[PDB]
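Read the single chain below, which is given as C-alpha cells and is the form deposited without 2-phosphoglyceric acid.
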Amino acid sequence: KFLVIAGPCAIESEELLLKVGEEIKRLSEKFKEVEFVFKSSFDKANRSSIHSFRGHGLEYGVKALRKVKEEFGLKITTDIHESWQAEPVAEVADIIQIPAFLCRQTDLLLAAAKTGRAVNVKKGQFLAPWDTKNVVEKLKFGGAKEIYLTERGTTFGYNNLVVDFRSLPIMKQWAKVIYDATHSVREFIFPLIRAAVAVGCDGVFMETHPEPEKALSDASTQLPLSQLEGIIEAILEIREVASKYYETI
C-alpha cells in the first residue's frame, strides 16, 4: 500500500514526538489504505554551522521513539550517521534511513542491511538516477530485502535544488520510490507533492511540526501539523485517478 512517512525534523523532546505521534495515529485510523511511519532524527549530524542545534543524543532519541511505538503502535524510522549506530537504532526503528550525503558510504549501508530492518536511502544531491542501481545492489549484498530510494532533489547551480521527476520511473526499476516533499524545495511543497503522485511513487516523506516557526530545525520548510490530513487526502485522490496511467515497471 501507499507509504506516508511523517514526523518532526528533530527529536526536540519526547513530549513533541508524542503530540505529533497522536495526530499521525489519528490519520492512521482515518486512512486505513495508507501505511504510516513515524519519523524523527535523534541527531542533526550535518548542520552547516557548528553553533546549531543537533539534538539530545542517540539514547534519548531511541528512548522517545520507543515511547511513540508503544503508546501508538506506529512503525518507526530514523537516520544513522556512522556504522556503530545501526545496531542500537535497529532496536526500535522499522526502517533505517541513510542520509543523502552518505548514500555512498559502503560500510554504513552494509551496517544497516545487517540489522535485518528495511533500509531507505536518500538519493544524494550529487547522484544521477541510474546510479542508484549500485546503491541497491550494495544493500542486497548486505542481506537487505526491503529497500527504498528517496527523491530529495539534485544540485542545480549553487544553494539550489531541482527535482527531476524523470528519476521516479528510472529508480523504480530496482527499488520502491519515496518522494521527500519538504527537502526537495514552503509555497512549492504541495504543488510538487502533487506532481510526484501524478508521476507515480510508492510513498511520500514529509517533515511536520505543530508550530514550524518555533521548531529547532527546518523552520522554513516543516509542514504545519494541522495541514497534514488535507494533503494526504489530496494525494490519495490524485493517485487514485492517476495510477491508471502509471507505466509498467
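Heads up: residue numbers just count along the shown sequence, starting at 1.
Missing deposited residues between residue 45 and residue 46: none, as the chain runs unbroken there. With 187 to 195 and 30 to 38 compared on mean CA B-factor from the PDB entry, the stretch scoring higher is 30 to 38. A summary of the deposited B-factors shows that, of 89 to 97 and 159 to 167, the stretch with the larger mean C-alpha value is 89 to 97. Between the residues 58, 201, 50, 181, it is 58 that shows the highest Cα B-factor in the PDB record. Split the chain's modelled residues into thirds by C-alpha temperature factor. Residue 137 is in the middle one. Placement of the Cα temperature factor of residue 146 within the chain: highest third of the modelled residues, per the deposited record. Ranked within its chain, residue 242 lands in the lowest third, by CA B factor from the PDB record.
Residue-level temperature factors show residue 236 in the lowest third of its chain, judged at the C-alpha atom. Sort the modelled residues of the chain by CA B factor and residue 77 lands in the middle third.
Not pictured, yet referred to below: the form solved in complex with 2-phosphoglyceric acid.
In summary, the region of this chain contacting 2-phosphoglyceric acid in the deposited bound form, judged by heavy atoms within 4.5 Å and restricted to 58 to 66, 26 to 34, 191 to 199, 40 to 48, corresponds to 40 to 48. Although the partner is absent from this view, residue 99 contacts 2-phosphoglyceric acid in the deposited bound form, with a non-hydrogen atom inside 4.5 angstroms. 2-phosphoglyceric acid in the deposited bound form is not approached by residue 117, whose heavy atoms all lie more than 4.5 angstroms from it.
At the 4.5 Å threshold, heavy atoms of residue 176 stay clear of 2-phosphoglyceric acid in the deposited bound form, well away from it.
By the criterion of a heavy atom within 4.5 Å, residue 152 is counted among the residues contacting 2-phosphoglyceric acid in the deposited bound form. Within 4.5 angstroms of 2-phosphoglyceric acid in the deposited bound form, the stretch 53 to 82 places a non-hydrogen atom from 79 alone.
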